[PDB]
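Colleague: Input: one structure, supplied below.
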Amino acid sequence: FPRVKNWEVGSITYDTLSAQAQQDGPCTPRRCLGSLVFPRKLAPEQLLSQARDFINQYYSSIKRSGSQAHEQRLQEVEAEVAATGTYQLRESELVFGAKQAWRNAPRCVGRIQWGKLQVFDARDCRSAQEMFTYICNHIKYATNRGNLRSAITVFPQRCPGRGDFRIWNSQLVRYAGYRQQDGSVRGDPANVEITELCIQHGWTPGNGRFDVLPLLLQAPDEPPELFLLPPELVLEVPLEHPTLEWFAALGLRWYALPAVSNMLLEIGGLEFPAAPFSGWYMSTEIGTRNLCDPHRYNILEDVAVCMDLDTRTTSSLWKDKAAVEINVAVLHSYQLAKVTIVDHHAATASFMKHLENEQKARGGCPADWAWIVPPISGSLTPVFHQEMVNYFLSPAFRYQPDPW
Amino acid sequence: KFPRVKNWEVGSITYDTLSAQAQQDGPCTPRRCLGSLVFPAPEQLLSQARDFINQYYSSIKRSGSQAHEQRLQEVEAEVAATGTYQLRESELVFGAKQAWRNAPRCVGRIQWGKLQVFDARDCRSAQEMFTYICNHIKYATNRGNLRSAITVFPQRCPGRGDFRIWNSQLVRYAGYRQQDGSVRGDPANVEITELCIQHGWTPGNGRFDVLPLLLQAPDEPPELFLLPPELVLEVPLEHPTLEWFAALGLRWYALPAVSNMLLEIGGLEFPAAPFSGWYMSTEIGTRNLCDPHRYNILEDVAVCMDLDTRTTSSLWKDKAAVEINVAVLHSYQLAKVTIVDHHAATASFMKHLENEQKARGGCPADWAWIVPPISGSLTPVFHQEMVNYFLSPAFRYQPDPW
Ligand code: HEM
Ligand code: HEM
Ligand SMILES: Cc1cc(N)nc(CCc2cc(F)cc(CC[C@@H]3CCCN3)c2)c1
Ligand SMILES: Cc1cc(N)nc(CCc2cc(F)cc(CC[C@@H]3CCCN3)c2)c1
Ligand SMILES: Cc1cc(N)nc(CCc2cc(F)cc(CC[C@@H]3CCCN3)c2)c1
Ligand SMILES: C[C@H](O)[C@H](O)[C@H]1CNc2nc(N)[nH]c(=O)c2N1
Ligand SMILES: [Cl-]
Ligand SMILES: [Cl-]
Ligand SMILES: [Gd]
Ligand SMILES: [Zn+2]
Ligand SMILES: [Zn+2]
Ligand SMILES: [Zn+2]
């Protein structure tokens, strides 16, 4: 039972939940690999023990462990697996499982919201055009004219033999990244590959640096087909600064909806390789990571030139002043456009309260410090001085190999 | 089966073969990672001694030679005879630099080869210890052109108590509990301040009172020694364009000198071996001045800057924090005291990572301590995966002597 200290307040807790951690991470007593983005690498008897565990904690979460339909649902699963080698989740179990996957996500700072999640059951989806319709409904519901609502859409689970449903885009909304003669990129460099793919599966490449990519959607076996997102469905936010008048002249924009669509949802031994989920942005994701990363839009120096900041010397902290103004612009622009966003101080304060809730409710909370501390102003937030334990609980979102 | 390490900014991939040589166990298991935690005879002595001797003889490209085997035989002989052994001067210099090179939480390790090593293993009393420390501070400060240095006092020995410096750093500001239950001065030094007072020190009543040294000779109570004021170089803090900032009366000291860690070299333990370098500006501006459990000045500075502190979405914290760091850098440059900003320091660390991959096949590094506490992702270390592990020679934490 690890002792976990908050070095700002002095408080001590013990993480007992970590003892229930099953699937083993990348660290050993000899070397810590906590900072690696992708840890390590990516007889139906194990399915039945994973399913029992999931059922047991589903009934625990509704008081009803002991007697009654808890007893009864264990046999239904045993019977289902003995007869088919797999099983189906009840709608309510699927809702509970998607929420727990979010709640168990060690890299997510927005987990105070884990109980409010809309779950669209697309498990009877049997087509790519059907997929596209589900995804458009999701986007419509989650975007909600800028009053963003958390949502996940669960497509059919992997069955032994026969193919997987699969969204090839890493998020539902991505900007195109176009190479050229210099090998430099116009648009988002993080999306060079998926842009390449979209073109080589039919797409007419577009203008410049904020072109919404089409969706490559893969029904089982039948190959991926392109789908174009209607522009009125993709809500975007032009970036302006409240006092720097020229900032809008940079022509910067970002989209309103963060919707991860390449991760695998796993519940009770079942696997859902296409289960896109969405929330709302924390402002540093846009301002600091997407716009200021050197391997992304990399605008820091452009904004610094315009601010007349002394770029001749690192000790002027011109990078830091320009970054703060870019986050100010992001926050200002989303608020003006009435699009839900959260600054990193509000987000981290919410995560500390979530850490307190989880301590009482489950005896701990898996958290990945490197991902929970924001990428600017880290020690200014109350999560910097909080020791955290990282471990893997089920249900879970997991990385998976790309569908090529 | 060596960890693959990626830099996400550039796409660099390497493998840390050096971690396979890790000489102790950390807190992590395959079940759970504890990487973020702040605090994670004769036959084992011999294998640590043998390993260190081997390292030393490789560094002087004399491995397996005659000198090498004589040393290995002289050490195990002397361990048999006395239960311990003595390092030669050159071995001590090599081991002290290696302990710096091996420190995973140090971003300043590009400098690890330029370390002045003072051999104080002949020290006899607390009064000699005090004289050695004052020459260390004088040499290291060098009128503001700071030089890295370590002073090594006698090793731990069976039959005698340890030399110990009770102060966690050689230069520290007193922290005084108050009527308000509050703290006047540095809240991090409340415990040491109360010890100084109860060993006779007549306290002050300011926010930047330099603490006396509590120096403990073997099998003695600690003895109190006052630092001559002309020995402790301080920097008054001003801002280049916020003129009211100088009126806050803020100061910091020139010399960061850690004095409470244990130096382990080839199984030998030096409980007293204070080392000093120079500050990176975020330690002063962000940690010491802005931490809420420290001088906690951030809101007052923001209020003086006429920032909207009613809501966090104005980013008043980030803005005030940046200008406080600007004032630290400008003030130290004005006072002609060595200081490095976190952009320059993280960039030189990347060059250290590269030097070390070539020389040793890796570099132990603690990401959460290498990434600066502001602007982390604006620095090149943010996107650099790192492998944390314990090599020896090492600087280790040790329990307080009281
Ligand atoms: C509602 C508001 C939400 C906020 C503010 C939020 C915030 C974040 C942030 C900031 C990160 C990564 C840290 C970074 O990139 O800087 C993250 C990662 C993650 N989030 Fe959340 N999130 C939200 C909703 C959700 C939802 C609805 C789910 C799942 C149903 C979710 C699951 C995850 C997962 C699995 C990760 C790790 C993703 C990866 O490793 O690529 N989040 N979240
Ligand atoms: C010369 C310039 C130096 C710089 C710029 C520097 C910088 C730093 C920084 C920034 C940290 C901790 C992270 C933080 O405070 O944000 C650190 C920790 C450390 N440094 Fe360096 N340092 C220097 C010299 C030295 C020297 C000369 C030694 C030893 C010979 C050393 C050994 C250590 C150790 C052992 C730690 C970890 C301390 C602990 O965990 O309590 N450093 N250093
Ligand atoms: C649902 C959601 C909301 C929100 N505000 N942020 C997120 C996280 C988005 C995100 C955050 C991030 F840092 C990186 C990515 C790309 C995929 C990562 C990179 C390597 C491993 N996988 C995506 C999700
Ligand atoms: C990078 C980082 C992560 C994290 N979880 N916590 C920190 C704060 C580290 C720290 C920084 C610091 F300056 C002091 C301490 C506490 C030391 C104690 C106090 C009395 C005796 N020893 C701790 C940094
Ligand atoms: C030699 C040196 C130079 C420099 N610029 N900075 C340092 C590190 C200073 C420092 C940095 C820091 F974050 C904390 C401390 C206090 C002692 C720590 C707290 C928990 C474990 N031990 C001290 C050393
Ligand atoms: C090397 C390092 O693990 C990698 O750059 C991680 C660090 N922490 C992060 N934290 C967040 N929130 N987002 C990120 O993309 C990353 N990248
Ligand atoms: Cl994103
Ligand atoms: Cl310090
Ligand atoms: Gd001014
Ligand atoms: Zn670890
Ligand atoms: Zn980044
Ligand atoms: Zn701090």
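Going through the structure tokens in order, the chains are called A, B, and so on, while each chain numbers its residues from 1 and the ligands are numbered from 1 in the order shown.
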Within 7 Å of chain B, which residues belong to chain A? Use only C-alpha atoms and report them as a PyMOL selection string.
Modeller: chain A and resi 8+18+21-22+24-36+294-295+314-317+320+324+328+331+343+345-346+369-370+375-379+387-391
Colleague: Tell me, as a ChimeraX atom specification, which residues lie within 12 Å of residue 47 of chain B, counting only C-alpha atoms; anything in the same chain fewer than 3 positions away does not count.
Modeller: /B:23,41-44,50-54,72,75-76,79,265-268,392
Colleague: Write out as a PyMOL selection string each polymer residue (protein, DNA or RNA) that has an atom no more than 7 Å from ligand 9, with only C-alpha atoms and all ligand atoms counted.
Modeller: chain B and resi 241-243
Colleague: If the limit is 8 Å from any atom of ligand 7, counting only C-alpha atoms and all ligand atoms, which residues qualify? Return them as a CSV table (one decimal) with N, CA and C atoms, in the first residue's frame.
Modeller:
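This went into result20.csv:
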```csv
chain,number,residue,atom,x,y,z
A,258,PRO,N,-13.1,17.8,-29.2
A,258,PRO,CA,-12.0,16.8,-29.1
A,258,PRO,C,-12.6,15.4,-29.0
A,281,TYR,N,-12.4,20.7,-24.6
A,281,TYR,CA,-11.0,21.0,-24.6
A,281,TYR,C,-10.6,21.6,-23.2
A,285,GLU,N,-4.3,22.4,-24.3
A,285,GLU,CA,-4.2,21.4,-25.4
A,285,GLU,C,-4.1,22.1,-26.7
A,286,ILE,N,-4.8,23.2,-26.9
A,286,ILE,CA,-4.9,24.0,-28.1
A,286,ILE,C,-3.8,25.0,-28.2
A,289,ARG,N,0.0,22.9,-26.8
A,289,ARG,CA,0.4,21.7,-27.5
A,289,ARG,C,0.2,21.9,-29.0
A,290,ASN,N,-1.1,22.1,-29.4
A,290,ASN,CA,-1.3,22.0,-30.9
A,290,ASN,C,-0.7,23.2,-31.6
```
Colleague: So which residues are near ligand 1, meaning at most 7 Å away with only C-alpha atoms and all ligand atoms counted, given back as a list in words?
Modeller: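 My answer, listing the contacting residues, is residues 98, 99, 102, 105, 107, 108, 109, 110, 111, 113, 117, 150, 151, 152, 277, 278, 279, 280, 281, 282, 284, 285, 342, 347, 371, 372, 374, 375 and 397 of chain A.
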Colleague: Take the selection from the previous step and output its residues with N, CA, C and O atoms, as a JSON list (two decimals), in the first residue's frame.
Modeller:
```json
[["chain", "number", "residue", "atom", "x", "y", "z"],
["A", 98, "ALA", "N", -18.39, 1.81, -19.94],
["A", 98, "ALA", "CA", -17.75, 2.94, -20.61],
["A", 98, "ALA", "C", -17.40, 4.04, -19.60],
["A", 98, "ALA", "O", -16.33, 4.65, -19.69],
["A", 99, "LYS", "N", -18.28, 4.27, -18.62],
["A", 99, "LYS", "CA", -17.98, 5.24, -17.57],
["A", 99, "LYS", "C", -16.75, 4.82, -16.76],
["A", 99, "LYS", "O", -15.88, 5.64, -16.47],
["A", 102, "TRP", "N", -13.47, 5.48, -18.63],
["A", 102, "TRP", "CA", -13.09, 6.87, -18.43],
["A", 102, "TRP", "C", -12.51, 7.10, -17.04],
["A", 102, "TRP", "O", -11.42, 7.65, -16.89],
["A", 105, "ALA", "N", -8.98, 5.95, -16.59],
["A", 105, "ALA", "CA", -8.00, 6.49, -17.54],
["A", 105, "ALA", "C", -6.94, 7.32, -16.82],
["A", 105, "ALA", "O", -7.21, 8.48, -16.48],
["A", 107, "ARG", "N", -4.40, 9.04, -17.63],
["A", 107, "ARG", "CA", -3.87, 10.23, -18.28],
["A", 107, "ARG", "C", -4.89, 11.35, -18.38],
["A", 107, "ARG", "O", -4.54, 12.44, -18.84],
["A", 108, "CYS", "N", -6.12, 11.13, -17.96],
["A", 108, "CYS", "CA", -7.21, 12.08, -18.18],
["A", 108, "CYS", "C", -7.37, 12.98, -16.96],
["A", 108, "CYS", "O", -7.69, 12.51, -15.86],
["A", 109, "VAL", "N", -7.18, 14.28, -17.17],
["A", 109, "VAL", "CA", -7.39, 15.26, -16.10],
["A", 109, "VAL", "C", -8.84, 15.68, -15.94],
["A", 109, "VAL", "O", -9.18, 16.33, -14.94],
["A", 110, "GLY", "N", -9.73, 15.33, -16.88],
["A", 110, "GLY", "CA", -11.13, 15.72, -16.77],
["A", 110, "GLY", "C", -12.06, 14.70, -16.13],
["A", 110, "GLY", "O", -13.28, 14.74, -16.35],
["A", 111, "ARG", "N", -11.52, 13.79, -15.31],
["A", 111, "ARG", "CA", -12.32, 12.69, -14.81],
["A", 111, "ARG", "C", -13.29, 13.07, -13.69],
["A", 111, "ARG", "O", -14.04, 12.21, -13.24],
["A", 113, "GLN", "N", -15.78, 14.51, -14.32],
["A", 113, "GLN", "CA", -17.01, 14.40, -15.09],
["A", 113, "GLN", "C", -17.40, 12.96, -15.37],
["A", 113, "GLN", "O", -18.41, 12.72, -16.04],
["A", 117, "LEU", "N", -21.80, 10.91, -18.79],
["A", 117, "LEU", "CA", -21.30, 10.46, -20.08],
["A", 117, "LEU", "C", -22.48, 9.87, -20.85],
["A", 117, "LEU", "O", -23.15, 8.97, -20.35],
["A", 150, "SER", "N", -20.19, 15.41, -23.02],
["A", 150, "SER", "CA", -19.37, 14.21, -23.16],
["A", 150, "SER", "C", -20.17, 13.05, -23.73],
["A", 150, "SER", "O", -21.32, 12.83, -23.34],
["A", 151, "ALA", "N", -19.55, 12.29, -24.63],
["A", 151, "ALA", "CA", -20.28, 11.22, -25.30],
["A", 151, "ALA", "C", -19.32, 10.17, -25.86],
["A", 151, "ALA", "O", -18.19, 10.47, -26.23],
["A", 152, "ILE", "N", -19.81, 8.94, -25.93],
["A", 152, "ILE", "CA", -19.09, 7.84, -26.54],
["A", 152, "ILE", "C", -20.09, 7.06, -27.37],
["A", 152, "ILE", "O", -21.28, 6.99, -27.04],
["A", 277, "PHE", "N", -14.93, 8.58, -28.47],
["A", 277, "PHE", "CA", -15.41, 9.32, -27.31],
["A", 277, "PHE", "C", -14.97, 10.77, -27.40],
["A", 277, "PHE", "O", -13.93, 11.10, -27.98],
["A", 278, "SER", "N", -15.77, 11.64, -26.80],
["A", 278, "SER", "CA", -15.50, 13.06, -26.92],
["A", 278, "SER", "C", -15.84, 13.77, -25.63],
["A", 278, "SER", "O", -16.67, 13.30, -24.84],
["A", 279, "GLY", "N", -15.18, 14.90, -25.43],
["A", 279, "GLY", "CA", -15.45, 15.74, -24.27],
["A", 279, "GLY", "C", -15.40, 17.19, -24.68],
["A", 279, "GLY", "O", -15.96, 17.57, -25.71],
["A", 280, "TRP", "N", -14.73, 18.02, -23.87],
["A", 280, "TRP", "CA", -14.41, 19.37, -24.30],
["A", 280, "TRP", "C", -12.95, 19.64, -23.97],
["A", 280, "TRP", "O", -12.33, 18.94, -23.17],
["A", 281, "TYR", "N", -12.41, 20.68, -24.61],
["A", 281, "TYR", "CA", -10.98, 20.96, -24.56],
["A", 281, "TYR", "C", -10.58, 21.62, -23.24],
["A", 281, "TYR", "O", -11.33, 22.40, -22.65],
["A", 282, "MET", "N", -9.38, 21.29, -22.78],
["A", 282, "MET", "CA", -8.63, 22.14, -21.87],
["A", 282, "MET", "C", -7.78, 23.06, -22.73],
["A", 282, "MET", "O", -7.22, 22.63, -23.74],
["A", 284, "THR", "N", -4.88, 24.54, -22.72],
["A", 284, "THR", "CA", -3.48, 24.32, -23.06],
["A", 284, "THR", "C", -3.31, 23.26, -24.13],
["A", 284, "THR", "O", -2.26, 23.21, -24.78],
["A", 285, "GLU", "N", -4.29, 22.38, -24.31],
["A", 285, "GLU", "CA", -4.18, 21.41, -25.40],
["A", 285, "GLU", "C", -4.08, 22.13, -26.73],
["A", 285, "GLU", "O", -3.31, 21.72, -27.61],
["A", 342, "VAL", "N", -12.14, 24.78, -20.80],
["A", 342, "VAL", "CA", -11.72, 24.88, -19.40],
["A", 342, "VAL", "C", -10.23, 25.22, -19.35],
["A", 342, "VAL", "O", -9.42, 24.61, -20.06],
["A", 347, "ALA", "N", -9.23, 23.07, -14.48],
["A", 347, "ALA", "CA", -9.19, 21.63, -14.70],
["A", 347, "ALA", "C", -8.42, 20.93, -13.58],
["A", 347, "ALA", "O", -8.91, 19.95, -13.01],
["A", 371, "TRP", "N", 1.18, 13.34, -17.50],
["A", 371, "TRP", "CA", 0.06, 13.76, -18.33],
["A", 371, "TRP", "C", -0.96, 14.61, -17.59],
["A", 371, "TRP", "O", -1.69, 15.38, -18.23],
["A", 372, "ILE", "N", -0.99, 14.50, -16.26],
["A", 372, "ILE", "CA", -1.95, 15.26, -15.47],
["A", 372, "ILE", "C", -1.46, 16.69, -15.21],
["A", 372, "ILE", "O", -2.26, 17.63, -15.22],
["A", 374, "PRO", "N", -0.20, 20.16, -16.26],
["A", 374, "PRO", "CA", -0.37, 20.86, -17.56],
["A", 374, "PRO", "C", 0.96, 21.25, -18.18],
["A", 374, "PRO", "O", 1.96, 21.41, -17.46],
["A", 375, "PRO", "N", 1.01, 21.45, -19.51],
["A", 375, "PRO", "CA", 2.30, 21.70, -20.19],
["A", 375, "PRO", "C", 2.85, 23.12, -20.05],
["A", 375, "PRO", "O", 3.97, 23.36, -20.52],
["A", 397, "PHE", "N", -9.70, 2.18, -21.71],
["A", 397, "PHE", "CA", -9.26, 2.54, -23.05],
["A", 397, "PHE", "C", -7.79, 2.18, -23.19],
["A", 397, "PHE", "O", -6.97, 2.50, -22.33]]
```
Colleague: I need the strand (DSSP E) residues of segment 38-246 of chain B per DSSP on the backbone, written as a CSV table (one decimal) with N, CA, C and O atoms, in the first residue's frame.
Modeller:
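Done, and the output landed in part33.csv:
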```csv
chain,number,residue,atom,x,y,z
B,116,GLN,N,35.1,21.1,-8.9
B,116,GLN,CA,36.2,21.2,-8.0
B,116,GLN,C,36.0,20.4,-6.8
B,116,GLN,O,34.9,20.5,-6.2
B,117,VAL,N,36.9,19.5,-6.5
B,117,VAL,CA,36.8,18.5,-5.4
B,117,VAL,C,37.7,18.9,-4.3
B,117,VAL,O,38.9,19.0,-4.6
B,118,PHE,N,37.2,19.3,-3.2
B,118,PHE,CA,38.1,19.6,-2.0
B,118,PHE,C,38.1,18.4,-1.1
B,118,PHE,O,37.0,17.9,-0.6
B,119,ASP,N,39.3,17.9,-0.8
B,119,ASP,CA,39.5,16.7,0.1
B,119,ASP,C,39.6,17.2,1.5
B,119,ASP,O,40.7,17.7,1.9
B,149,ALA,N,31.5,23.0,-7.0
B,149,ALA,CA,32.5,22.5,-6.1
B,149,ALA,C,31.9,21.4,-5.2
B,149,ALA,O,30.7,21.5,-4.9
B,150,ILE,N,32.7,20.5,-4.6
B,150,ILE,CA,32.2,19.7,-3.6
B,150,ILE,C,33.3,19.6,-2.5
B,150,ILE,O,34.5,19.6,-2.8
B,151,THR,N,32.9,19.5,-1.2
B,151,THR,CA,33.9,19.3,-0.2
B,151,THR,C,33.5,18.0,0.5
B,151,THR,O,32.4,17.8,1.0
B,152,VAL,N,34.5,17.1,0.6
B,152,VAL,CA,34.2,15.8,1.2
B,152,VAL,C,34.9,15.6,2.5
B,152,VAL,O,36.1,15.7,2.6
B,164,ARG,N,28.3,15.5,10.2
B,164,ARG,CA,27.0,15.8,9.6
B,164,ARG,C,26.8,17.3,9.6
B,164,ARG,O,27.1,18.0,10.6
B,165,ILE,N,26.3,17.8,8.5
B,165,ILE,CA,25.8,19.2,8.4
B,165,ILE,C,24.3,19.1,8.6
B,165,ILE,O,23.6,18.5,7.8
B,175,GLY,N,12.9,30.6,8.9
B,175,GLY,CA,11.4,30.7,8.9
B,175,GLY,C,10.9,30.7,10.4
B,175,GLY,O,11.2,29.8,11.1
B,176,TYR,N,10.1,31.7,10.7
B,176,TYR,CA,9.7,31.9,12.1
B,176,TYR,C,8.2,31.7,12.2
B,176,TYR,O,7.4,32.5,11.5
B,177,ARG,N,7.7,30.8,13.0
B,177,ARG,CA,6.3,30.7,13.3
B,177,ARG,C,5.9,32.0,14.0
B,177,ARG,O,6.7,32.8,14.5
B,183,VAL,N,4.0,31.8,9.0
B,183,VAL,CA,5.4,31.8,9.0
B,183,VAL,C,6.0,33.1,8.5
B,183,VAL,O,5.6,33.5,7.4
B,184,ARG,N,6.9,33.7,9.2
B,184,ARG,CA,7.7,34.8,8.7
B,184,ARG,C,9.0,34.3,8.1
B,184,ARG,O,9.7,33.6,8.8
B,185,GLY,N,9.3,34.6,6.9
B,185,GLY,CA,10.5,34.0,6.2
B,185,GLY,C,10.2,32.8,5.4
B,185,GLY,O,9.1,32.7,4.8
B,213,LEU,N,25.1,27.9,10.6
B,213,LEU,CA,25.4,26.5,10.4
B,213,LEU,C,25.4,25.7,11.7
B,213,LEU,O,26.0,26.0,12.6
B,214,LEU,N,24.7,24.5,11.7
B,214,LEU,CA,24.7,23.5,12.8
B,214,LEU,C,25.6,22.4,12.3
B,214,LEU,O,25.2,21.6,11.4
B,215,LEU,N,26.9,22.4,12.8
B,215,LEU,CA,27.9,21.4,12.3
B,215,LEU,C,28.2,20.4,13.4
B,215,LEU,O,28.5,20.8,14.6
B,216,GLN,N,28.1,19.2,13.1
B,216,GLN,CA,28.2,18.1,14.1
B,216,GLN,C,29.5,17.3,13.7
B,216,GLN,O,29.6,16.7,12.6
B,223,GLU,N,27.3,22.0,16.8
B,223,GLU,CA,27.8,23.3,17.3
B,223,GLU,C,27.4,24.4,16.3
B,223,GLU,O,27.5,24.1,15.1
B,224,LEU,N,27.1,25.5,16.8
B,224,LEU,CA,26.5,26.6,16.0
B,224,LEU,C,27.6,27.5,15.5
B,224,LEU,O,28.4,28.0,16.2
B,225,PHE,N,27.6,27.8,14.2
B,225,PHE,CA,28.6,28.7,13.6
B,225,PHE,C,27.9,29.7,12.7
B,225,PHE,O,27.1,29.3,11.8
B,234,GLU,N,24.3,37.9,-1.8
B,234,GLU,CA,22.8,38.0,-2.1
B,234,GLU,C,22.6,38.9,-3.3
B,234,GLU,O,23.4,39.8,-3.6
B,235,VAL,N,21.4,38.7,-3.9
B,235,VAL,CA,20.9,39.5,-5.0
B,235,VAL,C,19.6,40.1,-4.7
B,235,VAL,O,18.6,39.4,-4.6
B,236,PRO,N,19.5,41.4,-4.5
B,236,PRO,CA,18.2,42.1,-4.4
B,236,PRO,C,17.5,42.0,-5.7
B,236,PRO,O,18.1,42.1,-6.8
```
Colleague: Taking only C-alpha atoms and all ligand atoms into account, which residues are within 6 Å of ligand 2, as a PyMOL selection string?
Modeller: chain B and resi 100+103+105-108+148-149+275-280+283+369+372+395
Colleague: Compare A:384, A:310, A:394, A:193 by their minimum atom-to-atom distance to ligand 5, counting only C-alpha atoms and all ligand atoms, and give me the closest one.
Modeller: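 Looking at the shortest contact to ligand 5, the residue is A:384.
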Colleague: What residues in segment 163-302 of chain A get the DSSP label helix (DSSP H, G or I)? Please answer as an NGL selection string.
Modeller: :A and (189-200 or 231-233 or 245-250 or 283-292 or 300-302)
Colleague: Keeping only N, CA and C atoms, write the selected residues as a CSV table (one decimal), in the first residue's frame.
Modeller:
```csv
chain,number,residue,atom,x,y,z
A,189,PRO,N,1.2,19.0,-38.9
A,189,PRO,CA,2.2,17.9,-39.2
A,189,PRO,C,1.9,16.6,-38.6
A,190,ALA,N,1.2,16.6,-37.4
A,190,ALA,CA,0.7,15.4,-36.8
A,190,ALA,C,-0.2,14.5,-37.7
A,191,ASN,N,-0.7,15.1,-38.8
A,191,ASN,CA,-1.7,14.4,-39.6
A,191,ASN,C,-1.2,14.1,-41.0
A,192,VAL,N,0.1,14.2,-41.2
A,192,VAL,CA,0.6,13.9,-42.6
A,192,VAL,C,0.2,12.6,-43.1
A,193,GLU,N,0.4,11.5,-42.3
A,193,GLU,CA,0.1,10.2,-42.8
A,193,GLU,C,-1.4,10.0,-43.1
A,194,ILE,N,-2.3,10.3,-42.2
A,194,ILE,CA,-3.7,10.1,-42.5
A,194,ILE,C,-4.2,11.0,-43.7
A,195,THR,N,-3.6,12.2,-43.9
A,195,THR,CA,-3.8,13.0,-45.1
A,195,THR,C,-3.4,12.2,-46.3
A,196,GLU,N,-2.2,11.7,-46.3
A,196,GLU,CA,-1.7,10.9,-47.4
A,196,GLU,C,-2.7,9.8,-47.7
A,197,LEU,N,-3.2,9.1,-46.7
A,197,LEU,CA,-4.1,8.0,-46.9
A,197,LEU,C,-5.4,8.5,-47.5
A,198,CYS,N,-6.0,9.5,-47.0
A,198,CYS,CA,-7.2,10.1,-47.5
A,198,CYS,C,-7.1,10.4,-49.0
A,199,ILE,N,-6.0,10.9,-49.4
A,199,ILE,CA,-5.8,11.3,-50.8
A,199,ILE,C,-5.7,10.0,-51.6
A,200,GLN,N,-5.0,9.0,-51.1
A,200,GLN,CA,-4.8,7.8,-51.9
A,200,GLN,C,-6.0,6.8,-51.8
A,231,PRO,N,-19.8,20.6,-43.5
A,231,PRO,CA,-19.2,21.7,-42.7
A,231,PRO,C,-20.0,22.3,-41.6
A,232,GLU,N,-21.3,22.3,-41.7
A,232,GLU,CA,-22.2,22.8,-40.6
A,232,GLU,C,-22.1,21.9,-39.4
A,233,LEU,N,-21.6,20.7,-39.5
A,233,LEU,CA,-21.4,19.8,-38.3
A,233,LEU,C,-20.1,20.0,-37.6
A,245,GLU,N,-4.7,43.4,-31.3
A,245,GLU,CA,-5.6,43.5,-32.4
A,245,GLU,C,-5.2,42.7,-33.6
A,246,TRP,N,-3.9,42.6,-33.9
A,246,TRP,CA,-3.4,41.8,-35.0
A,246,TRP,C,-3.5,40.3,-34.9
A,247,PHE,N,-3.8,39.8,-33.7
A,247,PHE,CA,-3.8,38.3,-33.6
A,247,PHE,C,-4.7,37.7,-34.5
A,248,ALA,N,-6.0,38.2,-34.7
A,248,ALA,CA,-6.9,37.7,-35.6
A,248,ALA,C,-6.4,37.6,-37.0
A,249,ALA,N,-5.5,38.6,-37.4
A,249,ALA,CA,-5.0,38.6,-38.8
A,249,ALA,C,-4.1,37.4,-39.0
A,250,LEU,N,-3.6,36.7,-38.0
A,250,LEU,CA,-2.9,35.5,-38.2
A,250,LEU,C,-3.7,34.4,-38.8
A,283,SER,N,-7.7,24.3,-22.3
A,283,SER,CA,-7.2,25.3,-23.3
A,283,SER,C,-5.7,25.1,-23.6
A,284,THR,N,-4.9,24.5,-22.7
A,284,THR,CA,-3.5,24.3,-23.1
A,284,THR,C,-3.3,23.3,-24.1
A,285,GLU,N,-4.3,22.4,-24.3
A,285,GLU,CA,-4.2,21.4,-25.4
A,285,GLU,C,-4.1,22.1,-26.7
A,286,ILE,N,-4.8,23.2,-26.9
A,286,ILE,CA,-4.9,24.0,-28.1
A,286,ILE,C,-3.8,25.0,-28.2
A,287,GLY,N,-3.7,25.8,-27.2
A,287,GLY,CA,-2.8,26.9,-27.2
A,287,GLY,C,-1.3,26.4,-27.1
A,288,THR,N,-1.1,25.5,-26.2
A,288,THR,CA,0.3,25.2,-25.9
A,288,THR,C,0.7,24.0,-26.8
A,289,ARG,N,0.0,22.9,-26.8
A,289,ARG,CA,0.4,21.7,-27.5
A,289,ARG,C,0.2,21.9,-29.0
A,290,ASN,N,-1.1,22.1,-29.4
A,290,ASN,CA,-1.3,22.0,-30.9
A,290,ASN,C,-0.7,23.2,-31.6
A,291,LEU,N,-0.7,24.4,-31.1
A,291,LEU,CA,-0.2,25.5,-31.8
A,291,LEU,C,1.3,25.9,-31.5
A,292,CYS,N,1.8,25.5,-30.3
A,292,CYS,CA,3.1,25.9,-29.9
A,292,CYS,C,4.2,24.7,-29.9
A,300,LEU,N,4.9,29.9,-32.1
A,300,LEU,CA,5.4,30.7,-31.0
A,300,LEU,C,6.2,31.9,-31.5
A,301,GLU,N,7.2,31.6,-32.5
A,301,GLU,CA,8.0,32.7,-32.9
A,301,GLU,C,7.3,33.8,-33.7
A,302,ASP,N,6.3,33.3,-34.5
A,302,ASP,CA,5.5,34.2,-35.3
A,302,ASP,C,4.7,35.2,-34.3
```
Colleague: Set the distance at 8 Å and use only C-alpha atoms: which residues neighbour residue 156 of chain A once local chain neighbours fewer than 6 positions away are removed? I'd like the list as a list in words.
Modeller: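 These residues fall inside the cut-off: residues 122, 123, 124, 125, 165, 272 and 274 of chain A.
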